[PDB]
Amino acid sequence: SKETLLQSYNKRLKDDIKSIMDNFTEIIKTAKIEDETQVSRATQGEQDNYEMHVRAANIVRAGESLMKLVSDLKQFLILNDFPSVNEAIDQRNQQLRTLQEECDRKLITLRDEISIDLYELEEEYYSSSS
Amino acid sequence: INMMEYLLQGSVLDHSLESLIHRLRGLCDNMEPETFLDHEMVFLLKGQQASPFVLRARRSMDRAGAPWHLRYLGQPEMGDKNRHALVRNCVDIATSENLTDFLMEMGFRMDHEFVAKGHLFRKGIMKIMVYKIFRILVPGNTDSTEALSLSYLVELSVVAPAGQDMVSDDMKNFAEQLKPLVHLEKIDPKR
Amino acid sequence: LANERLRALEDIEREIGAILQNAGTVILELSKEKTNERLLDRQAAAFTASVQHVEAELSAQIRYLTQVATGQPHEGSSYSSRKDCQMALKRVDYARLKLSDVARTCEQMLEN
């Protein structure tokens, strides 16, 4: 339903913000240097490098998901935000009415001028001697 | 035959009103709103019975040449046939403009006047009226008036034949399409 | 119409700004010497302010969308006015073609 879709959007937003914050905080925490005990410097360093790269990838993925959320929200607004549909419909209607009225005024003035010319031509043609 | 009126009623605070109207312009038929302005006055006949007869008379002040309107509303049916709407018996009568004078001869006396100013939409058979009730003081004058409350009233009404089910369910669905903005419900006329 | 949509465009740009502020903060932390630790604090506050107001804008817009959603397909339209405008324009075009024909017969008469 509409409620269900809006809830789902809320869930996605909360999840994305939470993920960006958590990944950044975890990267900062690993960035701490600590004294080693039973971790074998080389292994500890490679594991830390992998963790940082994976977390950065996760942050980028969360940003892409936030872009997807913004796109979905834009689609919902363009499709069913009733006020803006009403202002678009009304503006379209008023513009088309003004164009119709301009066309009809042009046609009516054309008819009157053509009618006066027709009167002159009728007098000339019917009163021709031949 | 005897036609019945199905009513759902509610109210809406005025500062949210426009959103309601915009919502209604989506859901109701492809029309501009109507902006009715009516004068309503209630006559009663103090007969022998404990219940005096009641009659409602409306003159549409805004539109010239609109016929006056009489309405008799029967007492609501206690039967649970349509459980979700006020089901009443309605007799609605278009009339000439000497009506009040005629009703003064019939034994009827006035009770109260009120202006009602608002908008009017429809959806199929349904009639949505969103109006503000204006108390008249200085009882002859129609200009000396004061708003009764801050809220507008919203009525969803269907006049149709006696019985005739699957009507109140459609009114339920159309009320539920408004349910964040308005709460429409069958409110009993008692208290 | 341009208002809420431009808000969505701004939130797009600020998501980019959030990612760039994350990247700039770890850029400054990766430096051998990072003297501008005050600027590190400024970039950190910039990052958190970006994330917070992105959350604020999107939460506000989901709330506003919750207020004006109906699940119904909006039975309004603007078709009839477009139809009448098209008929008016085709009336004008018909009159133009006929005036061309009358002017052509007048040129044939005056031409001799």
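1. Considerations on the nonpolar core
Counting residues in hydrophobic clusters, the biggest one holds 29 residues, and the most contacted among them are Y6(B), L24(B), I128(B), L156(B), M171(B) and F174(B). What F174(B) contacts, discounting residues up to four positions off in sequence, is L24(B), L27(B), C28(B), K123(B), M126(B), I128(B) and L156(B). Ranked by size, the runner-up nonpolar core spans 26 residues in total, among them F24(A), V70(A), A8(C) and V54(C).

2. Let's talk about the interface of chain A and chain B
Across the contact, 4 residues belong to chain A and 5 residues belong to chain B. For the pairing of chain A and chain B, the buried interface totals around 400 Å² over both sides, and the portion due to carbon and sulfur atoms is 61%. Looking only at chain A, the three residues that lose the most surface to chain B are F82(A), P83(A) and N86(A), adding up to 84% of its buried area. The interface formed by chain A and chain B contains 1 residue pair in polar contact. When grouped by side-chain class, the residues that make up the side of chain A that touches chain B number 2 nonpolar, 1 polar and 1 charged.

3. Description of helix 3 (residues 82-126) of chain A
In this model, helix 3 of chain A (45 residues) spans 64 Å end to end at C-alpha, consistent with the 66 Å of a helix rising 1.5 Å per residue. Within helix 3 of chain A, the full set of buried residues consists of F82(A), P83(A), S84(A), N86(A), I89(A), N93(A), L96(A), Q100(A) and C103(A).

4. Focus: unusual backbone geometry
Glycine aside, a negative phi is what most residues show, and trans is what most peptide bonds show. Residues and elements named next belong to chain B. The backbone of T35 shows a phi angle near 55°, a positive value even though the residue is not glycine. Following the sequence through the fold, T35 ends up in the loop between helix 1 (17-27) and strand 2 (36-45). Of note, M166 is a non-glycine position whose phi angle comes to about 55°, a positive value. On the secondary structure map, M166 appears in the loop between strand 9 (152-161) and helix 3 (168-176).

5. Focus: the UniProt feature "coiled-coil region" in chain A
UniProt's feature table lists "coiled-coil region" at residues 84-113 of chain A, given in the numbering used throughout. From the first C-alpha to the last, residues 84-113 of chain A spans 44 Å; its make-up is 100% helix and 0% strand.

6. Overview of the environment of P180(B)
In this fold, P180(B) is placed in the segment after helix 3. Take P180(B): its relative accessible area is 59%, and that puts it in the exposed class.

7. Focus: the interface of chain A and chain C
Between chain A and chain C, the residue contacts involve 35 residues of the former and 40 residues of the latter. Roughly 3,700 Å² of surface becomes buried between chain A and chain C when both sides are summed, with 80% attributable to carbon and sulfur atoms. Three residues stand out in chain A for area buried against chain C, namely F24(A), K74(A) and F82(A), and they jointly supply 15% of the buried area on that side. Note that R91(C) is salt-bridged to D104(A), the shortest N-O span being 3.2 Å. Linking chain A with chain C are 4 residue pairs in polar contact. When residues of the side of chain A that touches chain C are traced back to their parent elements, those giving at least two are helix 1 (2-30), helix 2 (41-80) and helix 3 of chain A. Counting residues per element, the side of chain A that touches chain C draws most heavily on helix 3 of chain A, which supplies 15 residues. Grouping the amino acids of the side of chain A that touches chain C by side-chain chemistry returns 23 nonpolar, 6 polar and 6 charged.

8. Details of empty space enclosed by the protein
One pass over the full model with this rule turns up 2 cavities of 30 Å³ or more. What the largest cavity holds in volume is close to 100 Å³. What lines the largest cavity is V70(A), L73(A), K74(A), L77(A), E4(C), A8(C), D11(C), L58(C), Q61(C), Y64(C) and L65(C). When contributions to the lining of the largest cavity are tallied by element, the ones reaching two or more residues are helix 2 of chain A together with helix 1 (2-30) and helix 2 (37-67) of chain C. Of the residues that constitute the lining of the largest cavity, the class distribution is 7 nonpolar, 1 polar and 3 charged. Its volume calculated, the second largest cavity comes out at about 70 Å³. What lines the second largest cavity is simply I17(A), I20(A), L66(A), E15(C), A18(C), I19(C), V51(C) and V54(C). Where the lining of the second largest cavity is concerned, the elements lending two or more residues are helix 1 of chain A together with helix 1 and helix 2 of chain C. The biggest single contributor to the lining of the second largest cavity is helix 1 of chain C, with 3 residues.

Calculation rules
Residues numbered from 1 in each chain as written, not as in the entry; some residues may be left out. Chains lettered and ligands numbered in written order. Part of a larger assembly, values for the part shown. Heavy atoms only, no water. Core = buried A, V, L, I, M, F, W, Y, C linked by side-chain atoms within 4.5 Å. Buried < 20%, exposed > 50% of the residue type's maximum accessible area, 1.4 Å probe, protein only. Contact = heavy atoms within 4.5 Å. Buried area = accessible area lost by both parts, 1.4 Å probe. Polar contact = N/O pair within 3.5 Å; in protein donor to acceptor, adjacent residues only side chain to side chain. Nonpolar A, V, L, I, M, F, W, Y, C, P; charged D, E, K, R; others polar. Helix = DSSP H or I, 4+ residues; strand = E, 2+ residues; numbered from the N terminus. Expected span 1.5 Å × (residues − 1). UniProt positions renumbered as here; feature names shortened; annotations may be inferred. Salt bridge = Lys/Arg side-chain N within 4 Å of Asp/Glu carboxyl O. 1 Å grid on protein atoms, 1.4 Å probe; cavity = no way out; pocket = protein on both sides within 12 Å on 5 of 7 lines; lining within 4 Å. Points joined across faces, edges and corners; volume = space filled by probe spheres on them.

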